[PDB]
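Participant: here's a sequence, model it:
(one chain, ligands or ions: 2)
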Amino acid sequence: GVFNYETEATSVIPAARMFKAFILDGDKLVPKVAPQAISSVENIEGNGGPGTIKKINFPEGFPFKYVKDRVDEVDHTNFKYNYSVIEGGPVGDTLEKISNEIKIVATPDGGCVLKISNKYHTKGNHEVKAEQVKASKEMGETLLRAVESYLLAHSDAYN
Ligand SMILES: C[C@H](CCC(=O)O)[C@H]1CC[C@H]2[C@@H]3CC[C@@H]4C[C@H](O)CC[C@]4(C)[C@H]3C[C@H](O)[C@]12C
Ligand SMILES: C[C@H](CCC(=O)O)[C@H]1CC[C@H]2[C@@H]3CC[C@@H]4C[C@H](O)CC[C@]4(C)[C@H]3C[C@H](O)[C@]12C
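Facilitator: Residues are numbered from 1 along each chain as shown. Ligands and ions are numbered 1, 2, ... in the order given. Pasting the structure now:
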């Protein structure tokens, strides 16, 4: 079946800029600013639209060596990004796939809020504990704060 988890994260950076830096060009920026969490991102095939497959490689010592993301949908206008984890780690073992949605919304103070939705499609009767998924939240937060710090220090980037 499916386990649905949702979380939110806030940022002081405006939505359009965060969307462009973190999501659209995250395969280039994240490995640069957060090498301790993502060693590299490889484009397997596609040019960025639906069907694009990317391989996310993790640093030595991490539990899983890599996962592959497949881009499902991209709304450059309302800042919505849908992608699926289709291979690697537990996927293919206890999970069939993970479907995620990221929506970035502007706040009146000039910042933004990232609304994250994760749907874990399990295999058989495996249970995904809400406590075990906290690891994806912390990873998410780490990457976000690293990109935010970079964007505050380089005003000319991703304008
Ligand atoms: C695979 C996990 C979590 C999956 C889940 O548990 O729901 C997610 C959590 C944060 C994700 C990263 C966010 C920043 C980047 C977004 C890019 O567009 C694709 C590469 C990066 C580096 C993403 C790679 C991968 O998609 C991660 C590391
Ligand atoms: C905890 C769940 C579910 C595990 C299960 O049901 O067996 C799994 C599913 C996908 C897993 C993530 C895959 C991407 C990353 C791999 C890294 O090497 C460790 C951190 C991350 C972010 C993993 C954290 C955690 O291991 C998750 C979120």
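Participant: buried ones in whichever helix in the chain runs longest?
Facilitator: What stands out as the longest helix in the chain, according to DSSP state H, is helix 134-153. Neighbour-count burial for helix 134-153 flags 136, 140, 143-144, 146-148, 150-151 (criterion: 16 or more other CB atoms under 10 Å). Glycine gets a C-beta too; all of them are placed from N, C-alpha and C.
Participant: now do stretch 22-34
Facilitator: 22-24, 26-27, 29-31, 33-34.
Participant: same check on stretch 45-54?
Facilitator: Judged by neighbour count using 16+ other CB under 10 Å, the buried positions of stretch 45-54 are 52-54.
Participant: contacts for it, please.
Facilitator: Residues outside stretch 45-54 that contact it (CB atoms under 8 Å, 6 or more residues apart in numbering): 24, 27, 41-44, 68-74, 86.
Participant: let's see that with 10 Å instead.
Facilitator: Surrounding stretch 45-54, the residues in contact under the criterion CB atoms under 10 Å, 6 or more residues apart in numbering are 24-27, 41-44, 67-74, 82-84, 86-87.
Participant: what about it, start to end distance?
Facilitator: Using CA to CA, to the nearest Å, the gap from the first to the last residue of stretch 45-54 comes to 7 Å.
Participant: could you see whether ligand 2 lies near that stretch?
Facilitator: No. Using CB under 6 Å from any ligand atom as the criterion, no contacts between stretch 45-54 and ligand 2 are found, and the smallest distance is 12.8 Å.
Participant: relative to residue 158, how far out is residue 152?
Facilitator: Residue 152 sits 12 Å away from residue 158 when distances are taken as CB to CB, to the nearest Å.
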